[PDB]
Amino acid sequence: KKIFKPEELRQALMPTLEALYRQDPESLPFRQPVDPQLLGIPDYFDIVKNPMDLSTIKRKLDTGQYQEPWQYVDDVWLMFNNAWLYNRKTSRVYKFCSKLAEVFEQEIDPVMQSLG
Ligand SMILES: COc1ccc(CCc2nc3cc(-c4c(C)noc4C)ccc3n2C[C@H](C)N2CCOCC2)cc1Cl
Ligand SMILES: Cc1cc(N2CCOCC2)cc2[nH]c(-c3c(NC[C@@H](O)c4cccc(Cl)c4)cc[nH]c3=O)nc12
């Protein structure tokens with residue numbers, strides 16, 4: 001299998017993570033982990049078995065926790081799939097998620113090609 005230095009993944013992928021963060025207000029619900037107590041939604045962790053958010057992805061990328069770049073792609077799509085699963089299609093959060101996913105799909109393709 002192919003070997004990737006943590007520093008190579010960090011430098012290559014950080015611009016794509018910035019592209020998500022800079023979407024305002026769409027990234028705001030995704031910048032920190034969903035807090036079901038604060039939001040009053042105790043069933044969140046029953047429906048969403050594997051929570052994910054931008055802060056967790058950013059920490060994994062900054063600290064060298066990904067073995068290969070498709071694991072970062074996996075985490076980003078997990079984040080988006082969790083939001084589309086939990087929230088109504090008509091809801092703000094679902095629509096914000098769809099904006100972020102549109103940004104991500106545009107940005108991630110050339111980066112993954114260059115990482116080989
Ligand atoms: C700016 O955008 C919003 C602002 C408020 C709401 C309703 C309340 C809220 N409703 C939220 C819903 C989610 C969420 C996600 C993401 N997936 O399932 C759920 C539920 C996550 C966070 C949510 N939050 C917290 C939001 C983002 N605040 C954080 C601190 O500063 C002000 C805004 C929704 C949105 Cl989309
Ligand atoms: C593009 C796209 C759109 C939507 N929309 C939802 C509703 O609104 C309209 C469409 C949902 C998606 N779900 C996923 C998805 C993954 N994609 C990989 C892709 O990024 C990718 C694939 C090959 C190479 C590269 Cl470089 C990147 C991977 C794992 N699990 C996933 O669910 N992709 C979706």
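One-based numbering, in listed order, for ligands and for the atoms of each. Numbers for residues simply follow the sequence, beginning at 1. All heavy atoms count here, side chains included; hydrogens, waters and symmetry mates do not.
- In plain terms, the two heavy atoms of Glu105 and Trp77 that are nearest each other are OE1-CZ2, 3.7 Å.
- In this structure, NZ on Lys58 lies 5.5 Å from CE on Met14, to the nearest 0.5 angstrom.
- Of all protein heavy atoms, the one closest to atom 21 (C) of ligand 2 is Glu105 OE1, 4.1 Å.
- Within a 4.0 Å radius of atom 6 (C) of ligand 2, the protein contributes at least one heavy atom.
- A donor-acceptor distance shorter than 3.5 angstrom exists from the side chain of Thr16 to the backbone of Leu13, with no hydrogens or angles considered.
- Side-chain atoms of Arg59 and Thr63 form no donor-acceptor pair, as typed in the model, at a separation below 3.5 Å.
- Side chains of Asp35 and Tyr44: no donor on one and acceptor on the other come within 3.5 Å.
- Side chain of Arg31 to main chain of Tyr21: a donor-acceptor pair is present (N/O by atom type, distance under 3.5 Å, no hydrogens or angles).
- Residue-ligand proximity: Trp70 is placed with a non-hydrogen atom under 4.0 Å from ligand 2.
- Among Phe80, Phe104, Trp77, the residue whose heavy atom lies nearest to atom 3 (C) of ligand 2 is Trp77.
- Each of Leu28, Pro29, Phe30, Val34, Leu39, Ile41, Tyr44, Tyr86, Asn87, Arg92, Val93, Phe96 has a non-hydrogen atom positioned under 4.0 Å from some atom of ligand 1.
- Here the side chain of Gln106 pairs no donor or acceptor atom with the backbone of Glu102 at under 3.5 angstrom.
- For the pair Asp75 (side chain) and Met52 (backbone), a donor-acceptor distance under 3.5 Å is absent.
- Note that CD of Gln23 is 13.0 Å distant from CZ of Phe104, once rounded to the nearest 0.5 Å.
- Atom 15 (C) of ligand 2 is approached by the protein to below 4.0 angstrom, counting heavy atoms only.
- For atom 9 (C) of ligand 2, the nearest protein heavy atom lies 4.0 Å or farther away.
- Contact annotation for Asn81 and ligand 2: only side-chain heavy atoms (C-beta onward) come within less than 4.0 Å of the ligand.
- For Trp84, the closest heavy-atom approach to ligand 2 falls below 4.0 Å.
- Using modelled atom types, one side-chain atom of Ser91 and one backbone atom of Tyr94 make a donor-acceptor pair closer than 3.5 Å.
- On a distance-only criterion, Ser98 and ligand 2 share no N/O pair closer than 3.5 Å.
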